[PDB]
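Below, each value reflects all heavy atoms present in this structure, side chains not excepted, and no hydrogens, waters or symmetry copies. Here is the naming used below: chain letters follow the sequence lines, and residue numbers restart at 1 for every chain.
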Amino acid sequence: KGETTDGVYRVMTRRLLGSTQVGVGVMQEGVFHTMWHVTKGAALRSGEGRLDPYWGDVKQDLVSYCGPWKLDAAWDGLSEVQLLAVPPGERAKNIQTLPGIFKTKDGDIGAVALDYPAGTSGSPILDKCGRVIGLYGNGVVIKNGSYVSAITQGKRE
Amino acid sequence: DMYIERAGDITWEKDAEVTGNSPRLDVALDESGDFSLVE
Ligand SMILES: O=C(Nc1cnn2c1CNCC2)c1cccc2ncccc12
């Protein structure tokens with residue numbers, strides 16, 4: 001009722017001036033994956049279709065719609081990756097980078113040093129096989145003033 | 001009230017713009033899902 005085709009999608013709101021892009025997500029095996037801070041767990045329209053939240057976690061900053069988190073590929077810790085960035089009002093665009101590392105007390109996470117508008121949050125990070133290894137949008141401002149995103153990945157059950 | 005619009009396929013693209021650096025940062029993750037720099 002609704003558009004279920006795999007691929008990357010814009011998350012929009014009409015609640016502000018005109019139509020505003022609040023973020024991005026991934027449609028895979030009938031499940032919509034985005035970052036929690038994009039929707040705050042609200043329902044989504046796809047044409048006349050309704051997408052209901054299914055799983056989420058404010059601390060991982062992830063949420064899935066219509067089903068369990070499906071994306072399980074991981075950064076191998078060595079190879080360059082592609083941010084499929086979907087910036088607001090601009091075309092989807094691949095950017096190839098070698099991720100850095102976030103060192104935490106709970107262990108090491110891949111990190112992409114690529115600056116984009118907050119409305120880009122949810123944009124997928126891909127391996128050379130085209131597998132989604134995580135989403136962009138949760139990270140930190142460095143001394144430079146620039147932005148570094150975790151490669152945020154959920155668990156498949 | 002939020003809605004979605006398709007924006008592309010998820011494909012690796014040979015000869016994309018290669019950019020950004022690869023820093024090693026010490027970070028903390030708080031209960032509200034906000035990373036911060038340990039320093
Ligand atoms: O909106 C941002 N980030 C955000 C908002 N709420 N939350 C977060 C991340 N922790 C969970 C809660 C953001 C701020 C500045 C720069 C960005 N660059 C690229 C993606 C995103 C951001």
Side-chain angles (χ1 to χ4, degrees), chain A residues 3 5-15 22 24-27 32 36-37 39 42-46 51 57-61 80 82 84 86 91-106 109 111-114 124 126-130 132 138-140 142 148 150, chain B:
Chain A
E3 196 174 19
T5 316
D6 281 13
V8 63
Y9 290 64
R10 299 178 193 270
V11 184
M12 306 300 296
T13 186
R14 297 249 184 68
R15 213 187 32 86
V22 289
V24 180
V26 177
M27 191 68 82
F32 193 63
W36 180 277
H37 78 247
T39 66
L44 303 172
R45 181 164 49 80
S46 168
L51 296 203
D57 193 281
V58 162
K59 180 167 176 197
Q60 301 180 48
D61 189 25
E80 296 205 341
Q82 295 195 349
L84 170 31
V86 180
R91 191 143 60 253
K93 187 200 22 190
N94 293 63
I95 311 290
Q96 180 158 321
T97 192
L98 182 84
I101 307 279
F102 275 7
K103 280 148 147 144
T104 88
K105 71 184 219 304
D106 289 13
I109 339 190
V112 145
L114 291 176
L126 319 184
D127 65 23
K128 285 145 193 195
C129 285
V132 187
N138 196 20
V140 80
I142 58 186
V148 185
Chain B
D1 184 285
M2 305 193 161
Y3 58 96
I4 57 160
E5 283 174 351
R6 193 175 197 278
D9 296 5
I10 298 167
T11 72
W12 182 275
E13 293 291 299
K14 277 163 188 136
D15 298 289
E17 194 158 69
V18 184
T19 189
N21 49 302
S22 314
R24 298 176 197 274
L25 298 178
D26 293 321
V27 305
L29 179 67
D30 83 357
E31 196 191 70
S32 313
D34 293 340
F35 285 104
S36 61
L37 295 158
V38 179
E39 272 270 31

Quick check: do A/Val148 and B/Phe35 have side-chain heavy atoms less than 4.5 Å from each other?
no
Please classify the contact of A/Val132 with chain B as side chain, backbone, both or neither, using a heavy-atom distance under 4.5 Å.
side chain
Given that the side chain runs from C-beta out, which part of A/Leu84 has a heavy atom under 4.5 Å from chain B: side chain, backbone, both or neither?
side chain
Applying a strict 4.5 Å limit to non-hydrogen atoms, the region of B/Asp9 in contact with chain A is backbone
Contact class of A/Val11 relative to chain B, heavy atoms under 4.5 angstrom:
both
Is chain B contacted by the side chain of A/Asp127, its backbone, both, or neither, given a heavy-atom distance below 4.5 Å?
backbone
Counting C-beta onward and ignoring hydrogens, is there a side-chain heavy-atom pair between B/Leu29 and A/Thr104 closer than 4.5 Å?
no
Which atoms of A/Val24 are under 4.5 Å from chain B, going by heavy atoms: the side chain, the backbone, both sets, or neither?
neither
Please classify the contact of A/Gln60 with chain B as side chain, backbone, both or neither, using a heavy-atom distance under 4.5 Å.
neither
Chain B contact via A/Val86 - side chain, backbone, both or neither, heavy atoms under 4.5 Å
side chain
Does a side-chain heavy-atom distance below 4.5 Å link B/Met2 with A/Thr39?
yes
For each of A/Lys59, A/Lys93, A/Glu3, A/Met12, tally heavy-atom pairs with chain B at distances under 4.5 Å, and name the one with the top tally.
A/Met12
Taking the side chain as every heavy atom from C-beta outward, state whether B/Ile4 and A/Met27 have any pair of such atoms under 4.5 Å apart.
yes
I'd like to know if the side chain of A/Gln96 reaches the main chain of A/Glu80, judged simply by a donor and an acceptor atom lying under 3.5 Å from each other, with no hydrogens or angles considered.
no
Taking every heavy-atom pair that is under 4.5 Å apart, which of A/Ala42, A/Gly139, A/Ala92 has the most such pairs with chain B?
A/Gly139
Shorter than 4.5 Å, heavy atoms on both sides: which option in A/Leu51, A/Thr97, A/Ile142, A/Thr5 has the most such pairs with chain B?
A/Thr97
Check: A/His37 main-chain N/O paired with A/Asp61 side-chain donor or acceptor under 3.5 Å
yes
Considering only heavy atoms, which portion of A/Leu44 lies under 4.5 Å from any heavy atom of chain B: side chain, backbone, both, or neither?
both
Turns out that what part of B/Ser36 lies under 4.5 Å from chain A's heavy atoms comes down to backbone
Beyond-backbone contact of A/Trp36 with A/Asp57, side-chain heavy atoms, under 4.5 angstrom:
no
Under 4.5 Å from any heavy atom of chain A - which part of B/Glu31
backbone
Name the region of A/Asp6, side chain, backbone, both or neither, that has any atom closer than 4.5 Å to a heavy atom of chain B.
backbone
